[PDB]
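Examination of the molecular architecture
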Amino acid sequence: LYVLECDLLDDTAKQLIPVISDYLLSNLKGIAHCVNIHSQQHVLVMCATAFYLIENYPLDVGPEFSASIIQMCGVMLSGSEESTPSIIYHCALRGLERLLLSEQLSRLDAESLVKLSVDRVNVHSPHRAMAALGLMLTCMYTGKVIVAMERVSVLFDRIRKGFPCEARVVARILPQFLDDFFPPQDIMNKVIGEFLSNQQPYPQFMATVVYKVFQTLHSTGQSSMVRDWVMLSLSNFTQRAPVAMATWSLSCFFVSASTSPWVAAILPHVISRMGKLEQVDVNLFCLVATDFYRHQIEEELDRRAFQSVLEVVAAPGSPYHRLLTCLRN
Amino acid sequence: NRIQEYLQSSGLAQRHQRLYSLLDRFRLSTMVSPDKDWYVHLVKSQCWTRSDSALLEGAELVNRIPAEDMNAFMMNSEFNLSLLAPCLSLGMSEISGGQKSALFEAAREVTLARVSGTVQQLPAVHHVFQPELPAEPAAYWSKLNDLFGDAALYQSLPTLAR
Amino acid sequence: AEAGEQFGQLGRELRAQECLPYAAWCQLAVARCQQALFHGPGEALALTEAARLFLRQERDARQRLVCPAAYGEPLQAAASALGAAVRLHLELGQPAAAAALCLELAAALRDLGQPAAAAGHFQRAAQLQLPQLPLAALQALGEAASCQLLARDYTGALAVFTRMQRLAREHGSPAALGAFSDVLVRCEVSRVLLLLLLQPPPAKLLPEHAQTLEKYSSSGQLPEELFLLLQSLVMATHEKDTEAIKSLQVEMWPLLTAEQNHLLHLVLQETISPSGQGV
């Protein structure tokens, strides 16, 4: 590693690089699936020098070597939690991530490993999945709806079948991720659709996602586009599991779509009290509803659709019913 | 009536609603614009308490009040001192982004203000803390026993050390 | 033959003057001589001695005198020799001896500050022992779970604890046989704490974890006070009453091991201050 680092190795020393490359391949194939059996520090070293050779000496090693080694450590990543120690998994993944992030990799080899990124997102261990989330994130930020539809889908799944720490991270990076790879109308059914559902363990994490996606629309010349979508999905919000959950999701939906400075800034409060149906909760729900209605509704005749939808499930003591009483006058 | 009053006077009625409903059912058988001032009052309901369930959210709520009002908000008593660590943690997170944190600057000037405040209550002369027999001086050790033995004071120390 | 004895007394003399790297080298030489003699037991003993000498070298360089210039150099040689010895043992049978060598390597790695590799080697030893010595395999898996908790691999630790509980129930029975009862108690408490910490969603919630959580909402083999405190802890974490977890954490401190005390502290910490938010 020292010798080939920056020394302008003379073209006579082109008889050394193949020897290292031959040793690299001849000693990685016999361990590429049983890494745990063999020495950790050793295999770490071949990966380190192999990654440097591709990044810095692409012509000196044949394109087969660059290809043969990406698949070589691809099977290392595709191993189980026992067949590949977490040390080796993260080293190869970050090493591959650097190799793609540096344009020295060939086009055939670059697209050879972007496929490997999506496979390793779905693993049990949060850190192996979160690390593989990074590799896929760079693999798709380097290339730039035909395929990005799949990638955003496997992001919403991790929020659904992931631990709260794992899911909170994905929920935090979604608002920028959606703002980058899709136009707002292309991905807008999913964000509301994944927000409220029965297969959503953390709708409180998705509450911020709809908020940031709405706010990044309200302040970027789409203050009326969000008005169409809240009206469109209000009927969907009307039918949602328990009544308290339905109002809570509805209350935080108006918060996410409210342009008032002091209403758009109380989202953590409603997220904090989740599933509560106290007097303050309905009072907050009515207040945010009318402030979306009275202040920033579309027009005078569009209120009929708003008045029609919420009247459907009006009950004697329902929070919806109290909203009519305030909204009527 | 006393049983009903006691349940409502405490959190047990909220914790056990079914029992309270049954007791009350037995009892009857016997025969505004959302302005800045509204926001401040709302966060005042959540950030002036002793609840530690939601501090990450409480930090964000206090993060949005005007910078000029931040100092009087935290300096004022009945403010959850457990929020100071989230307040500094969140305020630093946007300093690391390059911005100027009104929250972090207003929070660190509160932490040091309280740290200095609780030092004034310490004895003027400090003796080596002897775990075995802290009783050779009389006034000094008695000055710590009623200091470290105060729930309002002892609880305030780790919640300020954080 | 005679060369092996010569290398043996060379290694003995070198260890007498405590130049133990060369003693381990001589042990490797006598192991090679045993290879030439096709004597499997003697070669395994020689490789074990060489590995032990290298491990003592690394311990001195890292534990006795903490040398920052040490980069785990004799540890690599120790691991290579131990792997060769394990391979020889397995090729001549005796999986118990190979599992013992793997346990030795895992203990060495755990003391040297590499919990992940230690847990991996502990799991390998348990797998080697499981078909014949289920209790030894359970102990090795317990060491692996402790190492994984050291490496902050909480989900891996939960998986290992669940595997140990399954193995103890299916091997130590219905009531446990005492030697498996303590293993089951440790499994139960550690799994409950890890499930309160991780809080798996319904997708990740395996039937075993769901059943265990159901049990805490009667006491199989846990002491009644500990079982009641664990039930209170589960209810509090499902209720988000931080004062309750604080009081319990104070109360259950003497009844839990240091590992379980750490797990309960992690549960409390993730309750007040959730991780993953970035702040």
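Reading guide: rules and limits
- Residues numbered from 1 in each chain as written, not as in the entry; some residues may be left out.
- Chains lettered and ligands numbered in written order.
- Part of a larger assembly, values for the part shown.
- Heavy atoms only, no water.
- UniProt positions renumbered as here; feature names shortened; annotations may be inferred.
- Helix = DSSP H or I, 4+ residues; strand = E, 2+ residues; numbered from the N terminus.
- Rg over C-alpha atoms; globule rule 2.2 N^0.38 Å.
- Buried < 20%, exposed > 50% of the residue type's maximum accessible area, 1.4 Å probe, protein only.
- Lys, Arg positive; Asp, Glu negative; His and termini not counted.
- Charge placed at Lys NZ, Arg CZ, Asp CG, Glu CD.
- Areas by Shrake-Rupley, 256 points an atom, 1.4 Å probe, with all protein chains shown as cover.
- Contact = heavy atoms within 4.5 Å.
- Buried area = accessible area lost by both parts, 1.4 Å probe.
- Salt bridge = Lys/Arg side-chain N within 4 Å of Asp/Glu carboxyl O.
- Polar contact = N/O pair within 3.5 Å; in protein donor to acceptor, adjacent residues only side chain to side chain.
- Nonpolar A, V, L, I, M, F, W, Y, C, P; charged D, E, K, R; others polar.
- Axes fitted to C-alpha atoms, helices over the stretch in contact; angles between N-to-C directions.
- Left-handed = near helix turned anticlockwise from the far one by under 90°.

You'll find chain C entered in the PDB entry as 40-kDa huntingtin-associated protein, with Homo sapiens given as the organism. This structure appears in the PDB under the title "HTT in complex with HAP40 in the apo state". Per UniProt, the comment on chain C under Function (literature references left out) is "RAB5A effector molecule that is involved in vesicular trafficking of early endosomes. Mediates the recruitment of HTT by RAB5A onto early endosomes. The HTT-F8A1/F8A2/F8A3-RAB5A complex stimulates early endosomal interaction with actin filaments and inhibits interaction with microtubules, leading to the reduction of endosome motility." The heading Subunit (literature references left out) in the UniProt record of chain C holds the text "Interacts with HTT (via C-terminus). Interacts with RAB5A (By similarity). Found in a complex with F8A1/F8A2/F8A3, HTT and RAB5A; mediates the recruitment of HTT by RAB5A onto early endosomes (By similarity)."

Per the PDB entry, chain B goes by the name Huntingtin and belongs to Homo sapiens.

When you go through chain B residue by residue, the secondary structure sums to 11 helices and zero strands. For chain B, the N- to C-terminal ordering of α and β elements is α-α-α-α-α-α-α-α-α-α-α. For 162 residues, the compact-globule estimate of 2.2 N^0.38 gives 15 Å, and the C-alpha radius of gyration of chain B, at 22 Å, exceeds that figure by more than 25%. Along the longest, intermediate and shortest principal axes, the C-alpha atoms of chain B span 65 × 50 × 20 Å. With 162 residues in all, chain B has 31% of them scored as buried. Averaging the locations of the 14 positively and 17 negatively charged side chains of chain B gives two centres separated by 8 Å.

Looking now at the overall build of chain C. Tallying secondary structure elements over chain C gives 13 helices and zero strands in all. Going residue by residue from the N terminus, the α and β elements of chain C occur as α-α-α-α-α-α-α-α-α-α-α-α-α. When its C-alpha atoms are laid out on the principal axes, chain C stretches across 75 × 45 × 35 Å. Within the span of chain C, comprising 279 residues, buried residues form 50% of the whole. When the accessible surface of chain C is split by element, carbon and sulfur atoms take 58% of a total near 13100 Å². Here chain C contributes 21 positively and 27 negatively charged side chains, and the mean placements of these two sets differ by 4 Å.

Attention shifts here to the interface of chain A and chain C. Listed per partner, the contact involves 21 residues of chain A and 19 residues of chain C. Counting the surface lost from both chain A and chain C, the interface buries some 1700 Å², and carbon and sulfur atoms represent 56% of this. Looking at the side of chain A facing chain C, the largest losses of area belong to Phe163, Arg168 and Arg172 of chain A, adding up to 30% of the total buried there. At the junction of chain A with chain C, the criterion picks out zero salt bridges. Linking chain A with chain C are four residue pairs in polar contact, by the criterion used here. Mapped by element, the contributors of at least two residues to the side of chain A that touches chain C are helix 2 (40–56), helix 6 (126–143) and helix 8 (164–181) of chain A. The dominant element in the side of chain A that touches chain C, judged by the number of residues it contributes, is helix 8 of chain A, at five residues. For the side of chain A that touches chain C, a count of residues per class yields eight nonpolar, seven polar and six charged.

As a further point, take the side chain of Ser117 of chain A. Residues and elements named next belong to chain A. Note on placement: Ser117 falls in helix 5 (residues 107–119). Using a relative accessible area of 0% as the deciding quantity, one classes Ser117 as buried. Looking at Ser117, its side chain comes within polar contact range of the main-chain oxygen of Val114, at 2.8 Å. Setting aside its immediate chain neighbours within four residues, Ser117 contacts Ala132, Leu135, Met136 and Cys139.

To continue, consider the packing of helix 2 of chain A against helix 3 (residues 63–77) of chain A. All names here are of chain A. Where helix 2 meets helix 3, the axes come as close as 11 Å, and the angle between the chain directions of the two elements is 145 degrees. As for how helix 2 packs across helix 3, the hand of that crossing is left-handed. Seen from helix 2, the contacting residues are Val43, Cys47, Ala50 and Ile54; seen from helix 3, they are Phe65, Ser66, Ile69 and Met76. Looking at the contact of helix 2 with helix 3, its residues break down into seven nonpolar, one polar and no charged.

Let us now look at the interface of chain C and chain B. Often, the extent of an interface is quoted as the loss of accessible area on bringing the components together. With 13 residues of chain C at the interface, the matching set in chain B holds nine residues. Of the roughly 780 Å² buried at the junction of chain C and chain B (both faces included), carbon and sulfur atoms supply 56%. Here chain C is connected to chain B by three salt bridges. Of the charged contacts, one joins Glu239 of chain C and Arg15 of chain B as a salt bridge, the two residues approaching to 3.6 Å between their closest N and O atoms. On the surface where chain C and chain B come into contact, there are one residue pair in polar contact. Secondary-structure elements contributing two or more residues to the side of chain C that touches chain B are helix 12 (242–251) and helix 13 (258–272) of chain C. Counting residues per element, the side of chain C that touches chain B draws most heavily on helix 12 of chain C, which supplies three residues. The class makeup of the residues in the side of chain C that touches chain B is three nonpolar, five polar and five charged.

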